[PDB]
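Next up: the same protein chain in two forms, each one alone, written as structure tokens (structure 1, then structure 2).
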Structure 1
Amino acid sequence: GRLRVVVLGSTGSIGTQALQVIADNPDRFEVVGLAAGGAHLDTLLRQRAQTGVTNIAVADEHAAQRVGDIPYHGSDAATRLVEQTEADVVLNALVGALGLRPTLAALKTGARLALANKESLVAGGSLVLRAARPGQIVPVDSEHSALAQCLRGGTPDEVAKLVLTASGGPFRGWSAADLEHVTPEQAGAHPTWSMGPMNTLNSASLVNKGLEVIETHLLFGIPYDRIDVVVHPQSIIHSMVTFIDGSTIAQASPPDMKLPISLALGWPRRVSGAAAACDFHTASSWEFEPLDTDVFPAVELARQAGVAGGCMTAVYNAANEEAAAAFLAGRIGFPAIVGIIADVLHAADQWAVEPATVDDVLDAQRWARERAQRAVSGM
């Protein structure tokens, strides 16, 4: 039959691509809910007009003032929509902190959660894992989606290593001396339209890969010491699984997020025609090289945070947010992003306790932000 889908974060890159997948596959999917922030109210109102979906949520009460007929508006709007909407799949593509409560609400409904929101795993950690039942969470991002597919190649007991691929960013192969000179623009500071500035920077700093490694541990239950990273500049192989016999299973496709989005929505069932396959009529090469961990320690630091447990990965990510924003503002140089992450993290052992509530996670983040601000300013 047809899967009933709630799209949370409908105006962002993931949400709008998921809506296209859904529009191209009305045999497979129907939209039954849409939630957005308020900054792109006009897009949401157009989405309402195009889909006929009236079940909509706007987080920003002020933005909601511009319209007289939104069923859910205000801070908890997306949570309330999830709580009150019958659905088979909740796509959580909200950004940051506001993704966390809707994730928990979605898990409670017993819907499948197609999860794009990183905050939910990286910050919400054991809160989210304790709430989720086996297989309930399906990851949306390309590396995790690749892993989910490759894990089909054997039983859970047969897994030796998970290997995430990394593009290496713009500074792949750069020395520590080279990194001193990095400008915001070089690191991907462009007023690009659909995505925030953080995602290309996190790629360059290798912090994105650290976050992905942490999410991998939480998603697949594999120890950090069995989660490896390889640099693969073509981004054709999206990740790999090495099994106990020595066999490695890899997932490969030309970069296109509609592939992992379609599979997350249809899981376990593939969606015909989602993306173009690899073409072997033209010669190509797929290159692998090790990450220089002396120059890029962000993944090693992510493993340290993840191994420490509790709210430590929330600390890692919040320290990053602050430091990275400071680099983009010209308050620090590029190498100091991961320098500041490390300094905050090493100070943060009080946060290794497991959180009981969302407030607990929020408190660790608050602490980490302030600690990173002091590192940045010298105060």
Structure 2
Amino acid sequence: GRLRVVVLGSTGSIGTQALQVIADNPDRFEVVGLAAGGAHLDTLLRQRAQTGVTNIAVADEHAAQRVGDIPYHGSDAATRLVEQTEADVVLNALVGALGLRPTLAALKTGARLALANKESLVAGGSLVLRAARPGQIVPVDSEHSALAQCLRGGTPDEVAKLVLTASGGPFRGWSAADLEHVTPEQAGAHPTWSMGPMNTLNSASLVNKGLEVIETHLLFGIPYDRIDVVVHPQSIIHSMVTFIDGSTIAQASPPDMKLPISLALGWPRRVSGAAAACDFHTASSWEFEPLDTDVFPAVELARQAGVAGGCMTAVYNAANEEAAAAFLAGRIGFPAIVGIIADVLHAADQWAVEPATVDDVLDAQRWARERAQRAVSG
């Protein structure tokens, strides 16, 4: 049938690519809602006109005033758009932990949650898991989409290791001393993927990979000591599963988010011609190397937060959101992003308790941001 899709974050990197997939596949998909922040009204107005969709949410009030005739506006506009729109799939391509309430609202409607917004799962943790039925959350994140495909390759007790690939970012091979002089311009240029600013920055600092290690544990229920990271500079292999017999199954394609987007929207069905395939008629090489954990401890820190569990993963992410914003603002140097995450985590023992309510997560995040902000100031 023709699936009704709500696109949250429609004007961003993932959102724009998702609308193209939808526009190219009108027999399979239909847009029934759009949500954005209000920073790119030209784009949103174009989207309204091209899709015919008037069911729109805009977060910024001043932005919502300028356009007018907007059904949903303000801080919970995205969430209310989800609560009040009949849909089969909600694509959550918001950025940051602010995607948490839309995620919980999406899961309550019973629709499929095509999840690009990894932070909402990392922050919500068990709370999000408790809200979802088996297979209701379908990963858009390239590594997790790859893992889901590779896991068709055996039964649960046959899985030995999940192996996440990391590009290494623009600072692969750099020394700790080199990192001291990193600028936002340098951090904002990713070697293999074109993305929004936050995922781009997080990929450079390796916090993205740490978030993805937590995401893997949550989505697939595999222990942290069986989740590995390998640096693969081409970003063609998107991740791999190693089975108990010694076999590894890997998923590969030229880097293009339209592929995992299309798969998440029409899960479990594949979408013909979503993206280009690898060309095995032209010479190529796929390289692997260990992550330099001394220079890039963000993944080890994510493991520590994940093993502590409960609200600790929301702490990890919230400390990053504050510190990363501080770096972009020129308030701290690049190494201090992960420096501050570590300091906040080291003082966060009280948050190693399972959240009962959304308010427990929000409290954890509030504490974390305040702590990170104090570190930025002093």
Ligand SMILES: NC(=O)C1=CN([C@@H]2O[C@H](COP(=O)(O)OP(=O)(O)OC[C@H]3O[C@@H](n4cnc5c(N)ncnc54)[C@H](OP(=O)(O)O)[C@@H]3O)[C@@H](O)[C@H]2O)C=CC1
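Just so we're on the same page, residue numbers count up from 1 along structure 1's sequence. Whichever C-alpha set is largest while still superposing within 1.5 Å between the two forms counts as the rigid core.
J.: Which of the two structures shown, 1 or 2, corresponds to the form deposited with the ligand bound?
T.: Here the form deposited with the ligand bound corresponds to structure 2.
J.: For the list 326, 31, 56, 312, which one shows a CA move of 2 Å or more between the two structures after the core is fit?
T.: Among the listed residues, the outlier is 326.
J.: Superposing on the rigid core, do we see a C-alpha displacement of 2 Å or more at residue 190 between the two structures?
T.: It does, since the residue 190 C-alpha is displaced 2 Å or more between the two structures after the core fit.
J.: Indicate whether residue 269 shows a C-alpha shift of 2 Å or more between the two structures, with the rigid core used for the fit.
T.: No, the C-alpha moves less than 2 Å.
J.: After superposing the rigid core, is the C-alpha displacement of residue 177 2 Å or more between the two structures?
T.: Where the cores coincide, residue 177 still shows a C-alpha shift between the two structures that is 2 Å or more.
J.: Please state the CA displacement of residue 347 between the two structures in angstrom, with both forms fitted on the core.
T.: Residue 347 C-alpha displacement between the two structures, core-aligned: 1.2 Å.
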